[PDB]
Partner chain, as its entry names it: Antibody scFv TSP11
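The data below hold one chain only, encoded as C-alpha cells and taken in the form deposited without the partner chain.
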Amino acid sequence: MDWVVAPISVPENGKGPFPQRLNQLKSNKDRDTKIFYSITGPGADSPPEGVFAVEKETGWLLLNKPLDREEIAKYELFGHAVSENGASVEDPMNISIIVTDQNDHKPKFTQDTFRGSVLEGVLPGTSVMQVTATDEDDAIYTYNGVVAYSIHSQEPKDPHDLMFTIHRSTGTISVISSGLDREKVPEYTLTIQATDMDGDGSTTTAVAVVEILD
C-alpha cells in the first residue's frame, strides 16, 4: 500500500545550511548488485543546473540552494538506479517537487498616483474609480498574495471625514456621503493602502485623487 503519486512539497526561501535532505530513494531489488543513484532533468542536469542532487550511494535527494517559488514553482526530475555493473535496473522514477509559497513579496501599487473623478450629486453607494495593487505571491492556496485595501486619510477633510469608502477586496472607491460640491471642495486626495495576507502583513501606500465635477 502506497501513494498513487508522492510529490515533495518544499517551502521556498528556506533557511539553515545547504544541502538539505528531502526524501530517500530506494529500488525494489538492491541485493543484486550495489546500486548507484542519479537524478536528471530541469533543475538537476539541465538549467537550472545543480539545484537538486542525489547521494550516489545513500539515495538521499538533496536541496542545494533555496528555491524562489516566484521564479520556478515546480520541478520534474527523474530518478535513475544503476547497478555497479552498468545495468539500468528499474525505470527512471518520476520525481515531482512542488514549491510552496512564503510571503516574500510586499504588495506593490499599480501606479504611484491614481486619478479619477465623479459628479457633485451622485447618490451614496456610487463607484468613482478602481485602484489596484499586485502581490507577486500566491493567492489561490495561501493568503500571502491576497490583498486588502483601505483608505488612510482624506484631505481636505471639509464636508465630512468619511467622504469615501474603498471595497476591502476589489479596490473600488465609492462616495458614501451626499454633500459634494465643486465650488466648496473641487479635488479630494485619498491616501490609500494595500496590505498582503489579507490585511495581516505588509502595507504599501499610494494615493488616489478624485476630482469633483459640475
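Only residues modelled in both forms are compared. Numbering follows the first chain given and starts at 1. Take the two forms, superpose them, and find the largest set of C-alpha atoms that agree within 1.5 Å; that set is the rigid core.
There is also a form deposited with the partner chain bound; it is not shown, and the following applies to it.
Between the options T33, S150, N64, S153, the residue in contact with the partner chain in the bound PDB entry by a heavy atom within 4.5 angstroms is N64. At the 4.5 Å threshold, heavy atoms of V51 reach the partner chain in the bound PDB entry. In the bound PDB entry, the partner chain lies farther than 4.5 Å from every heavy atom of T189. Of the heavy atoms in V185, none are within 4.5 Å of the partner chain in the bound PDB entry. For the chain shown alone, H160 is not a contact residue for the partner chain in the bound PDB entry, no non-hydrogen atom being within 4.5 angstroms.
Taking the partner chain as positioned in the bound PDB entry, the residues of 20-46 that bring a heavy atom within 4.5 Å of it are, in sequence order, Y37, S38, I39, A44, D45. Of the residues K157, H167, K29, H152, exactly one exceeds or equals a 2 Å C-alpha shift between the shown form and the other one once the rigid core is aligned, and that residue is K29.
Once you line up the core between the shown form and the other one, the Cα of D181 stays within less than 2 Å of where it was. After superposition on the rigid core, the segments of 3 or more consecutive residues displaced by 2 Å or more at every C-alpha between the shown form and the other one are found at 2-10, 16-65, 71-99.
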